[PDB]
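Generate coordinates for the sequence data below:
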Amino acid sequence: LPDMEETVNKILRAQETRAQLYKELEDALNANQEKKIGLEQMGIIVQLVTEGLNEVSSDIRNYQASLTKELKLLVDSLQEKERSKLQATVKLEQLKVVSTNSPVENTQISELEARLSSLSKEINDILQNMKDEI
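Residues are numbered from 1 along each chain as shown. Below is the structure:
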C-alpha cells in the first residue's frame with residue numbers, strides 16, 4: 001500500500017508485460033527465419049510489439065519520480081539494457097538469414113547472442129536489486 005513500494009510493484013508489473021512482449025517478438029523473428037513468415041508481415045508485428053514496448057517504457061518513466069535516487073538509477077540502467085536488447089534481437093534475426101556462414105559473418109551472431117545472453121542476465125540482477133530495495 002505505501003506510495004514508495006506501491007510504485008515499485010507497478011514497475012515489476014510493467015516488466016511482466018515487457019517480458020511477455022519479447023516472447024511474441026522472438027516468436028515472430030523465428031517465424032521469419034524458418035521462412036514461415038514473409039519479411040513484410042514481420043515488420044508490422046514488430047511495429048505492433050514495439051508499440052507495447054513503447055507504452056511500457058513510458059509507464060516506467062512515470063514511476064521514477066516517486067522513487068529514491070538509488071532506485072531511479074537502477075531503473076535508468078534497466079531501460080538501457082532493454083533498449084539495446086530490443087535492437088540486438090531484431091538485428092540478430094536478419095543477420096542469421098543473410099549470412100553466408102563465412103567466419104566473419106558467423107561470429108557476428110555469436111557476439112550478439114553473447115550480448116543478448118549477458119544483457120538478459122544483467123537485467124534480472126537489476127530486478128533482484130530493485131526487489132531488495134537497493
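
Only C-alpha atoms from now on, for both contacts and neighbour counts.
Noted.

ok, the most centrally placed residue in the chain - contacts?
With distances taken as C-alpha atoms, centre = their mean, residue 82 lies nearest the centre of the chain, 3.8 Å away. Neighbour list for residue 82: residue 123 [criterion: C-alpha atoms under 8 Å, 6 or more residues apart in numbering].

how close does it get to residue 41?
Relative to residue 41, residue 82 is positioned 23 Å away (C-alpha to C-alpha, to the nearest Å).

before we move on, what about residue 118?
According to C-alpha to C-alpha, residue 118 and residue 41 sit 29 Å apart.

In terms of helices and strands, where is the residue nearest to the centre of the chain?
helix 69-98 (DSSP states H and E).

swap in residue 108?
Per DSSP H and E: helix 103-131 holds residue 108.

what's the angle between that helix and helix 69-98?
Counting by axes from the mean of the first three to the mean of the last three C-alpha atoms, to 10 degrees, helix 103-131 lies at 160 degrees to helix 69-98.

burial of residue 31, as a residue count?
By the criterion of other C-alpha atoms under 10 Å, residue 31 has 15 neighbours.

my guess is it meets residue 37, correct?
Yes - under the criterion of C-alpha atoms under 8 Å, residue 31 makes contact with residue 37 at 5.3 Å.
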